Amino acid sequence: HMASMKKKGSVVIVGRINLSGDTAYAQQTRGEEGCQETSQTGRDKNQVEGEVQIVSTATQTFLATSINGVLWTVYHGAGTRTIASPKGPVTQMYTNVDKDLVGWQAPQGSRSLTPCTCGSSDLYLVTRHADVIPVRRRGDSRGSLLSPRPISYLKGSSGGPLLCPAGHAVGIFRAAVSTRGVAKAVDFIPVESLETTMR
């Protein structure tokens, strides 16, 4: 029954993690009803700001992080969806299910993190609740939480950044390594993997 086949809506920016000042905090920029409408039309005329966006579909909410002029997030949250923009839906410019990674051109007014070249293993994970969690790098795509916490505190933070001491992007949060519901480590997409996807 082709005529009745539905179309999936767009990912919608519904807020951000404000890191401009000395205090990190989450801001909501669009409520549920407006989100639903924006998802169907793909038309989002709200001003975008900052590096870390809170994004939503009709069924999920997670994060998206701007690096090198691309807004990146996880495939398991966004799938192949478009993202809403002032002039209509924007198609992904990167999609890699093997890495759990997608990307769209960064929205006008967003700011981009710089890829980290420090080679440091003292990292910081930014969650959708604006918590800044110290993480020690343990491999190319793994880092341990200095203070483990239940997975409930990390749920909905896929697509968020791991940052170096200087605030450069080191990776994109992908999955939690949990033992009996406690997240002792995180799996992330290295920024180097993003830079390779960009070419």
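Sequential numbering from 1, following the sequence displayed.
Relative to its counterpart among 12-20 and 178-186, 178-186 has the higher mean temperature factor, C-alpha atoms as listed in the PDB entry.
Here 166-174 and 26-34 are compared by their mean Cα B-factor, and 26-34 comes out higher. Across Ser66, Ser39, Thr61, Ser141, the entry's maximum B-factor at the CA atom is seen for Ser39. Listed residues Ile54, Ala130, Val70, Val48 were ranked by CA B-factor as deposited; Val48 comes out on top.
Sorting the modelled residues of the chain by their CA temperature factor places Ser120 in the highest third. When all modelled residues of the chain are sorted by CA temperature factor, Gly109 is found within the highest third. In this PDB entry, the Cα temperature factor of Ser152 sits in the middle third of its chain's modelled residues.
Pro89: CA B factor in the middle third of modelled residues in this chain (values from the PDB entry).
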